[PDB]
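J.: Sharing a structure, written as structure tokens. Questions coming.
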Amino acid sequence: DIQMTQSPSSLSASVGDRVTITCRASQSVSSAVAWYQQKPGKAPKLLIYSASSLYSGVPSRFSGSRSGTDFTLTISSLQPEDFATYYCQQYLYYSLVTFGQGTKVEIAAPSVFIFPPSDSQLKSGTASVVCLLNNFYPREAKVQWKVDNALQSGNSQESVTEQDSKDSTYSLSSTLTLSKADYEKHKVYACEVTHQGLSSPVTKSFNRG
Amino acid sequence: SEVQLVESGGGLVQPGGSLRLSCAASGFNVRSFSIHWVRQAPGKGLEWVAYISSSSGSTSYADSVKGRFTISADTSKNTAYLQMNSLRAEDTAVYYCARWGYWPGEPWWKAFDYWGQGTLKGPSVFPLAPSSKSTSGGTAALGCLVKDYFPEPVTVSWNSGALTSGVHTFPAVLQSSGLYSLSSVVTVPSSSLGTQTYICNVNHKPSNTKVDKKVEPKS
Amino acid sequence: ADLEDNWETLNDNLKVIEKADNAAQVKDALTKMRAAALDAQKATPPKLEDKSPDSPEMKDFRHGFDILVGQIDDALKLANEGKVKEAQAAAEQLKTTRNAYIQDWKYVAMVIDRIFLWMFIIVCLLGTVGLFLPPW
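Chains as they are written, first to last, in the authors' numbering: chain L, 2 to 108, 113 to 214; chain H, 3 to 122, 131 to 229; chain D, 343 to 445, 449 to 481.
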């Protein structure tokens, strides 16, 4: 087919600044590139049809440019209402329509909290304890569960979201799942966080009962 | 005055089975417009499924869906019917129906632009209480945990859509049993904990489950 | 781009689809035939260089390439069907539609005019030297 090489897959850049998005087609397409802003989860919208022309109802800070094989979406004043997973896309013939892989722009120690399991969870036979890290940047961290000064391995999971709509940060949930017998044989539950922006690895604890 | 396109029929296919999707196109005709169908596999970019040209009935399937997919349309009440046989969990996607005009003209150059609202064992949701050692007039965290649902995902809302400030929902991580689970948290000022109640509302559409659960601080 | 550079891809891709083997050999050369056709449609022929965009022949140029992509459009959806016959048999009208836009005698009577002035000035100068030179 006619593949479409996005550059980049994601980027991270400032408020108001000029941001370039390039795409190179893999063989000759005449003028048929459409560029799409893709918001988190809603209806997608068309920015650029016929590779340089604005859609009827799109702001004129964005523009497009064809130059042979090079197709480039230019963002002059990238406002805070403008971050997305952007798309070059060919529209040569209806059965050979290919997209781009996307261009993902998004527009301080993170607060920590702990969350014990409830009694209706404890009646079912499972014990799920949550350590939560909000509003941190960048993505690297060290979250460690401490059960009566002992280290665990392989029985916890982590979940990391996308960068935000306002301030491009991260949020993390570390979930430790155990049985009810392993919850009742021990008493102290703590989660500790090591991070670059925080001066000390913070430990937050609770006791059973 | 607007062209609008409504996507429906979303649910579960029994494993191995078939299902028919419906797109109702309100406001405009279908006999002078090709109608395409495009999905989004989640966490990824974009990936086109199939099309039908309703000027002659004719359709083109991708190399993923040849032998397995069959589209027709009704031109009376402006509807599109897409036939899905022997599916997979990489079909578990956001499905949109789409418009395209015909050659010649500027409406050929008008691409895909009318993109719809999209279609996609039952879960258990458990409340996540703030601690009693929170600071007076500061910042407290609360939430709800959804687990054990086939298939992925759930949709989580707060106070029937009245709260959009400070929400953080998460992508789900697969457990050892083949099951999915996530958590959803809200940061709040601590002075409104004894005045305003906070209810998580979780929907899981193939299991047809609606669940509301309130959260309170512990004592 | 250029008009005749697109016909440098449109000529050699037109003669390959006629007796070809498989359905992708129709389909790869038809993607070369469509994508060069729209870029030539944006262009300007050189004998009609000095006019307006809304001239009556320039629209008749620009709807005259709608016929050719529309007669690309006959053999497009048959080439999804795997028919080795019906692709090339419906694409025999492409050579007639290259004939209708050939848009050249008034330029070529400058080119044959100018080379004889650099041929007869050789003979008229060296002919007089070819007479008078052994007596002097």
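We treat Cβ as the ideally placed atom computed from N, Cα and C, and that holds for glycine.
Short of 8 Å Cβ to Cβ, which residues in the stretch 408–429 of chain D face chain H?
T.: Flagged, chain order: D408, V411, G412, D415, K419, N422.
J.: Looking at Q162(L): is its Cβ nearer than 8 Å to the Cβ of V183(H)?
T.: The residue you call residue 162(L) lines up with position 157 of the first sequence. The residue you call residue 183(H) lines up with position 173 of the second sequence. A contact, by the Cβ cut-off of 8 Å.
J.: Once DSSP output is grouped into helix, strand and coil, what is the label at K369(D)?
T.: On the third sequence, position 27 is the one that residue 369(D) refers to. In this structure, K369(D) counts as helix in the three-state DSSP scheme.
J.: For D222(H), list the residues DSSP reports as bridge partners.
T.: Position 212 of the second sequence, counting from 1, holds the residue named residue 222(H). DSSP, once it has assigned bridges, lists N211(H) as partnering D222(H).
J.: Who are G153(H)'s beta bridge partners in DSSP?
T.: Within the second sequence, numbered from 1, the residue matching residue 153(H) stands at position 143. Bridge partners of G153(H): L138(H), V195(H).
J.: Any residues in the stretch 390–410 of chain D with a beta carbon nearer than 9 Å to a beta carbon of chain L? Which ones, in chain order?
T.: Within the stretch 390–410 of chain D, no residue qualifies.
J.: How about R70(H): is its Cβ closer than 7 Å to a heavy atom in the ligand MN?
T.: In terms of ligand content, the structure shown is empty, and the ligand MN therefore cannot be addressed.
J.: With 8 Å set as the bound, which would you pick, yes or no: does the beta-carbon of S31(L) sit closer than that to a beta-carbon of chain D?
T.: On the first sequence, position 30 is the one that residue 31(L) refers to. Yes - at least one Cβ of chain D is within 8 Å of the one on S31(L).
J.: Leaving out five residues before and five after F136(H) in sequence, what residues of the same chain have Cβ atoms less than 6 Å from its Cβ?
T.: Indexing the second sequence from 1 puts residue 136(H) at position 126. Taken in chain order, the residues that qualify are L155.
J.: Considering only the alpha carbon of each residue, which of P121(L), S178(L), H191(L) lies closest to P227(H)?
T.: Here the question's residue 227(H) lines up with position 217 in the second sequence. Of the candidates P121(L), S178(L), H191(L), the one whose C-alpha sits nearest the C-alpha of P227(H) is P121(L).
J.: Which residues, taken in chain order from the stretch 356–379 of chain D, show a beta carbon closer than 9 Å to some beta carbon of chain L?
T.: For the stretch 356–379 of chain D, which is checked against every Cβ of chain L, the residues closer than 9 Å are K369, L372, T373, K374, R376, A377, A378, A379.
J.: Identify, in the order they occur along the chain, each residue of the same chain with its Cβ nearer than 6 Å to the Cβ of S53(L), setting aside the five sequence neighbours on each side.
T.: Translated into positions along the first sequence, residue 53(L) becomes position 52. Closer than 6 Å at Cβ, skipping near neighbours: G65, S66, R67.
J.: At a CB-CB cut-off below 9 Å, which residues of chain H make contact with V135(L)?
T.: For the purposes of this step, residue 135(L) is identified with residue 130 of the first sequence, where counting begins at 1. By Cβ distance, chain H contributes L138, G153, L155, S193, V195.
J.: Hey, would you say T174(L) sits closer than 8 Å to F141(L), going by beta carbons?
T.: Against the first sequence, residue 174(L) aligns to sequence position 169. Against the first sequence, residue 141(L) aligns to sequence position 136. Their beta carbons are under 8 Å apart, which means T174(L) touches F141(L) by this criterion.
J.: Note down, in chain order, each residue of its chain lying with its Cβ closer than 7 Å to the Cβ of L7(H), except the 5 sequence neighbours on either side.
T.: Your numbering for residue 7(H) matches position 5 in the second sequence. Counting only Cβ-Cβ distances below 7 Å, and skipping sequence neighbours, we find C25, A27, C99, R101, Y116, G118.
J.: Is the CB-CB distance between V32(H) and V51(H) below 8 Å?
T.: The residue labelled residue 32(H) in the question sits at position 30 within the second sequence. The residue labelled residue 51(H) in the question sits at position 49 within the second sequence. For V32(H) and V51(H), no; Cβs fall outside 8 Å.
J.: Along the stretch 13–46 of chain L, what residues have a CB closer than 9 Å to any CB found in chain H?
T.: So the close ones are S32, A33, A35, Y37, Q39, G42, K43, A44, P45, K46.
J.: Taking just the CA atoms, how far does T373(D) sit from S62(H)?
T.: Working through the second sequence from its first residue, we reach residue 62(H) at position 60. Working through the third sequence from its first residue, we reach residue 373(D) at position 31. Taking the straight line joining both Cα atoms gives about 16 Å.
J.: Taking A150(H) and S200(H) to be in contact with their CB atoms under 8 Å, please state how far apart those CB atoms are, rounded to whole angstroms.
T.: Looking up residue 150(H) in the second sequence gives position 140. Looking up residue 200(H) in the second sequence gives position 190. At roughly 4 Å, the Cβ-Cβ gap stays under 8 Å, so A150(H) and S200(H) are in contact.
J.: With DSSP as the reference, identify every bridge partner of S66(L), one or two as the case may be.
T.: For this step, residue 66(L) is matched to residue 65 along the first sequence. Answer is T73(L).
J.: Please return the same chain residues whose Cβ sits closer than 6 Å to the Cβ of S164(L), not counting the five positions on each side in sequence.
T.: Along the first sequence, one-based indexing puts residue 164(L) at 159. Result list for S164(L): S178, in chain order.
J.: Answer with buried or exposed for residue 112(L), where buried requires no fewer than 16 other C-beta atoms within 10 angstroms of its C-beta.
T.: Within the gap of chain L, which runs from 108 to 113, lies residue 112(L), and it has no coordinates in the structure.
J.: Helix, strand or coil, according to DSSP, for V152(L) in the structure here?
T.: Stepping through the first sequence from its first residue, residue 152(L) is reached at position 147. It is a strand residue.
J.: Is it right to say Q445(D) is buried, meaning 16 or more other beta carbons lie within 10 angstroms of its own, or is it exposed?
T.: Numbered from its first residue, the third sequence carries residue 445(D) at position 103. Its Cβ having fewer than 16 others within 10 Å, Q445(D) is exposed.
J.: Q85(H) to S57(H), Cα distance in whole Å?
T.: Locating residue 85(H) in the second sequence gives position 83, counting from the first residue. Locating residue 57(H) in the second sequence gives position 55, counting from the first residue. Computed Cα separation, rounded: 19 Å.
J.: Indicate whether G29(H) and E9(H) have their beta-carbon atoms separated by less than 8 Å.
T.: Position 27 of the second sequence, counting from 1, holds the residue named residue 29(H). Position 7 of the second sequence, counting from 1, holds the residue named residue 9(H). For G29(H) and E9(H), no; Cβs fall outside 8 Å.
J.: Between the Cα of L14(H) and the Cα atoms of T77(H), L122(H), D76(H), which residue gives the shortest distance?
T.: On the second sequence, position 12 is the one that residue 14(H) refers to. Answer by Cα proximity: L122(H).
J.: Taking the alpha helix (DSSP H) that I22(L) belongs to, which residues open and close that run?
T.: In the first sequence, the residue the question calls residue 22(L) occupies position 21. Per DSSP, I22(L) belongs to no alpha helix (DSSP H); it is in the beta strand (DSSP E), 20–26.
J.: Closer than 8 Å by C-beta to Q90(L): which residues in its own chain qualify, once you throw out the five before and the five after it? Chain order, please.
T.: Counting from 1 along the first sequence, the entry for residue 90(L) is found at position 89. Cβ within range, chain order: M5, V34, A35, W36, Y37, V98, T99, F100, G101.
J.: Just the C-alpha distance for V198(H) and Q157(L), rounded to the nearest angstrom, thanks.
T.: On the second sequence, position 188 is the one that residue 198(H) refers to. On the first sequence, position 152 is the one that residue 157(L) refers to. Taking the straight line from one Cα to the other gives about 31 Å.
J.: Determine, for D344(D), whether the minimum Cβ-Cβ distance to residues of chain L falls below 8 Å.
T.: Counting from 1 along the third sequence, the entry for residue 344(D) is found at position 2. No - not a single Cβ of chain L is within 8 Å of the one on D344(D).
J.: Helix, strand or coil for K451(D), going by three-state DSSP, please let me know.
T.: Start at 1 with the first residue of the third sequence, and residue 451(D) comes out as number 106. Here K451(D) sits in coil by DSSP.
J.: Flag this pair as touching only if the stretch 200–208 of chain L and the stretch 183–192 of chain L have three or more C-beta atom pairs under 8 Å; answer yes or no.
T.: The stretch 200–208 of chain L is not in contact with the stretch 183–192 of chain L.
J.: Over what stretch of residues does the alpha helix (DSSP H) that includes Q126(L) continue unbroken?
T.: Along the first sequence, one-based indexing puts residue 126(L) at 121. Segment 124–127, the alpha helix (DSSP H) holding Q126(L).
J.: So, do the stretch 358–371 of chain D and the stretch 152–171 of chain H have three or more beta carbon pairs nearer to each other than 8 Å?
T.: Judged by Cβ distances under 8 Å, the stretch 358–371 of chain D makes no contact with the stretch 152–171 of chain H, as fewer than three pairs qualify.
J.: Should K384(D) be labelled buried (16 or more other beta-carbon atoms within 10 Å of its own) or exposed?
T.: For the purposes of this step, residue 384(D) is taken as the residue at position 42 of the third sequence. Its Cβ having fewer than 16 others within 10 Å, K384(D) is exposed.
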